[PDB]
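Only one chain is shown below, in structure tokens, and it's the form deposited in one PDB entry.
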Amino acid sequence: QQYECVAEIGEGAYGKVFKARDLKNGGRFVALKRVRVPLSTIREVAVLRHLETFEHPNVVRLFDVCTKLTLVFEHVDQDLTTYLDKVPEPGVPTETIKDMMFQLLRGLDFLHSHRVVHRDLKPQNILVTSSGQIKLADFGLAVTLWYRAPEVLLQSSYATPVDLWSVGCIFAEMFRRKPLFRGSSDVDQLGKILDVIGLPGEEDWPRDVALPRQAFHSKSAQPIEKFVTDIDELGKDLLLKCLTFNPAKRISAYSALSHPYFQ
């Protein structure tokens, strides 16, 4: 084979990911991934090869596609979840957050501008280069609920604001170094959320969902500076807009890039 697997670096419902040697391209480490045995896959692959034509610095580069189906990416040495583990005390520098957040919002904005929703944005998909660059992975191709948007939990909409709620949970985890909303089910996840952001208005609750608003009793909207520590006045306003219950009122990645927090 053109690539030689050396170690497993990821497993799940997306497929099995391997660290491999690019035997033909200088022995560089690459990320292999195999998908199962269709025409909807033809669709999602052409999109992946189309976004590659742009070669965005905040998305993992696609080196090859083979034939059930093998996907070769640029190997980046570690992910966000092992970066936050190994980072020294007392945490991530305040500007290292601001920079990584901007790279995150740029990759998401690139993905959203081309009408691609990540749908599972979490630290395990966020990768950090040895240089410190944020490169997104595991998208454009079809369990932890800790980063699901409220509208995915309620099962109503699954649009681009879904990824911006996750950005809020990652934003707060870059000050906590621990997940903000950590639930054991979708009904518990939505509860741990509303316990902090507050019970929204009756018109903010989507319709035809099985879970009614009156199901929860999270009486107050709590101040976010209690659950997240060390966030500035701007880091609060930006984080509050990502963690907005109504996806229509929630901030977009394009509007988040042009926010006072990134000056």
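All residue numbers refer to positions in the sequence shown, first residue = 1. Heads up, when I say rigid core I mean the largest set of C-alphas that superpose within 1.5 Å between the two forms.
* Out of the other entries of this protein with residues modelled on both sides, is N58 skipped in at least a third? -> No.
* To do: Give yes or no for this: do at least a third of the other compared entries, each modelling residues before and after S220, lack coordinates for it?
  => Yes.
* Asked: With respect to the deposited sequence, how many residues separating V37 from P38 are not represented by coordinates: none, 1 to 3, 4 to 9, or 10 or more?
  -> Gap between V37 and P38: 4 to 9 unmodelled residues.
* Could you bin the unmodelled part of the deposited chain lying between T67 and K68 as none, 1 to 3, 4 to 9, or 10 or more? => According to the record, 4 to 9 deposited residues lack coordinates from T67 to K68.
* Asked: So which stretch wins on mean C-alpha B-factor, 198-206 or 225-233?
  -> Between 198-206 and 225-233, it is 225-233.
* May I ask you to compare 79-87 and 159-167 by their mean CA B factor in the entry and name the higher one? => Stretch with the greater average CA B-factor: 79-87.
* Checking the entry, which one of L105, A172, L141, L190 has the top C-alpha B factor? -> Highest C-alpha B-factor among the listed options: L141.
* **Ranked against its chain, the third holding the CA B-factor of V92** => Its C-alpha B-factor belongs to the highest third of this chain's values.
* In terms of the chain's CA B-factor thirds, is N25 lowest, middle or highest? -> Its C-alpha B-factor, which the entry lists for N25, ranks in the highest third among residues of this chain.
* Would you mind ranking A253 by its C-alpha B-factor against the rest of the chain and naming the third, lowest, middle or highest? => For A253, whose C-alpha B-factor we compare with every modelled residue in the chain, the answer is the lowest third.
* Quick one: classify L239 as lowest, middle or highest third of the chain based on its Cα B-factor. => Its C-alpha B-factor, which the entry lists for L239, ranks in the lowest third among residues of this chain.
* Asked: What third of the chain, by the recorded C-alpha B-factor, contains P123?
  -> Bottom third by C-alpha B-factor.
Unshown form deposited in another entry; subsequent notes refer to it.
* **Displaced residue check between this form and the one not shown: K249, CA, 2 Å or over, core reference** => Shift at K249: below 2 Å after core fit.
* Using the core for the fit, does the CA position of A20 change by 2 Å or more between this form and the one not shown? -> Yes, the C-alpha moves 2 Å or more.
* To do: Superpose the two forms on their rigid core, then report whether the C-alpha of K226 is displaced by 2 angstroms or more between this form and the one not shown.
  => Not so; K226 is displaced by less than 2 Å.
* Do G15 and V116 move together or apart in the other form, judged by C-alpha distance changing 3 Å or more? -> So the answer is farther.
* Asked: Do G12 and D188 have their C-alpha atoms closer or farther apart in the other form than here, with the shift being 3 angstroms or more?
  -> It is farther: the C-alpha separation of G12 and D188 rises by at least 3 Å in the other form.
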